[PDB]
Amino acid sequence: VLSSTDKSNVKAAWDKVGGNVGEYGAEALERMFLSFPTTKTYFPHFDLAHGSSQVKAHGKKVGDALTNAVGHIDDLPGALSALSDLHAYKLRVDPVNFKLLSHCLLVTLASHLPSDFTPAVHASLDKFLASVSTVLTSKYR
């Protein structure tokens, strides 16, 4: 489903992200909360103002999880087993929301990396995020 070529493309994009994975994670969240106000209802316990400490910390966690997925891209169900337990069994997140966050991550990468975000790389990244999204909304204990 992800091809050898898809894997090479994803790893290439992530190389260019460099040390900035945490910043991009936080920006993607902020874009989601403002454009799509209904997503705020999953975080009633957060301060959701621009530049809040809680959104910065959470952005770093989301980013670091995606880096581990890239490093274990041959077996995503094996690598993400614990995170699936959380999003599927405990939080019960509607799949529509994963589409909104994935879109906002693409908008963020497009904004910061205009020369690396080619149509072919855009295609491989959309697939990778869709695969991650499916793992996180599936129950497989």
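Sequential numbering from 1, following the sequence displayed.
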Do the C-alpha atoms of 46 to 54 or of 78 to 86 have the higher average B factor in the entry? 46 to 54
Take the C-alpha B-factors listed in the entry for 55 to 63 and for 112 to 120, compute each mean, and give the stretch with the larger one. 55 to 63
Member of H72, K99, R31, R92 with the greatest C-alpha B factor (per the PDB record): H72
Could you look up the Cα B-factor of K11 in the entry and say which third of the chain it sits in: lowest, middle or highest? middle
